[PDB]
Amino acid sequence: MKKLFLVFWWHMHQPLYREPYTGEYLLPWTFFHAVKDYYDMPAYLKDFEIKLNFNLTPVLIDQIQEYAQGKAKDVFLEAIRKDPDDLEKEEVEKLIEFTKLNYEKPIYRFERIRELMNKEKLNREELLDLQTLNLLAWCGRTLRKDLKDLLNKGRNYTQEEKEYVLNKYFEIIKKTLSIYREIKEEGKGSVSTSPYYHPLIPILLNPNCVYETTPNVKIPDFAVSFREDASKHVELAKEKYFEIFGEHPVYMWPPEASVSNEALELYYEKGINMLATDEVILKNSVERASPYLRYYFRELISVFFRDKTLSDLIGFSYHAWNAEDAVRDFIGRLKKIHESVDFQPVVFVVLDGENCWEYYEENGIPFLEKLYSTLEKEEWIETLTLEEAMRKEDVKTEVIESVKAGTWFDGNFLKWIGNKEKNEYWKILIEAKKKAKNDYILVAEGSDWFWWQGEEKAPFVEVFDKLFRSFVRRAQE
């Protein structure tokens, strides 16, 4: 029997929300995705005998550790924890606005929330419900059993019960890095990392590479070299990975799937043996561009190209489908791939691992349980760890000599550079680099800051702007 090899690679990342002067976590996204996704996504492997792989950025690991140790001062979480009698008017406003931002997501479908958003003022009992329901909206798969009593209650929560939920949530965070060590130990999945602060390595190495795909773009004058910083992101990530798992990483996920000829050379020189990127970059780089092969870049480092449509279906499309229909659609497309080639194809499914589920009915649990159990039963599908994909002998391979630099957004860099506001961040970065004194310059090179710059209706953009500029200032003083 001829098989289809299926490789899931779930990418987990948060930029550093910790303001460097106050030490305060200015947004709660790391806490909420930790309690909802970072433990529970690998925990599926307890119930399903498949292979699933994970990427953890070192800056995410750093924050998970600080929450687990009870040291993270999270300003929003403080607004949730406090007795409503002690809430500042500013904290009440932030709670209300967080609810409004998340109100349409299926994980926020509690009728009590709809009642609370329609009242003019909130008394103490109503604020208690708002605080606790915001907490419960982010309940992960594992805790949905232990907390079923509180979830079915739906209203009239007490301060005691809210503190119970918080206790259990931190228990999940405390167990998170351990579950990644375990799945790696048991051979149920590979764990990779990224350059430390999730930067755009190709631009740090050679900003002119943006012209390979957007020749008419205007970028600032990069009057200072970042090539050494790019090395450091990779080197510090390897040291961070060595601290958590005791081994040097052999696999890395390039942030935003971004690669270039020089970045692949850097990854190779730092001992990385395999990475993945996006099939838009493949289509831009080689003529007959099948994403189902193991590629060898200059016979020195292995490269897989993710199947973009399958990755995007999970990441953006299936939230709006019934689980049964979505899984049938997914398995059907795999069947078509399987029958379309005479070799055993390798299908890489790579996407953010924590951001899509909040838009799915029941936080994606019906979909994933149906998907995983259905994949388990197909004799002609074999899921692989990254190690198994890297070394599998009965696959088709091809040598590739060069790539067009890009990312998985349209194969170019326009989401992070090229317009006036984004260029101004780079201008700030360049000037700050000239008198940088410490590794906070590395924090400011993270991709996230340049993604949000310019987007005037994106949520909490002022916070991202504040964080970026604080790191830039801290880096010089």
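Note that residue numbering begins at 1 and tracks the sequence as displayed.
In this entry, the higher average B-factor at the C-alpha atoms falls on 423-431, of the pair 54-62 and 423-431. Of the two stretches examined, 250-258 and 321-329, the record assigns the greater average C-alpha temperature factor to 321-329.
Set against one another, the Cα B-factors of 223, 293, 139, 172 in the record reach their highest point at 223. As recorded in the PDB entry, 438 shows the highest C-alpha B-factor of the residues 447, 412, 438, 30. In the PDB entry, residue 105 places in the middle third of its chain by CA B-factor.
When the CA B factors of the chain's modelled residues are split into thirds, the value for residue 242 lands in the highest one. Split the chain's modelled residues into thirds by C-alpha temperature factor. Residue 15 is in the lowest one.
Remark: residue 1 belongs to the highest third of its chain, ranked by C-alpha B-factor as recorded. Sort the chain's modelled residues by C-alpha temperature factor and residue 273 lands in the highest third, per the entry.
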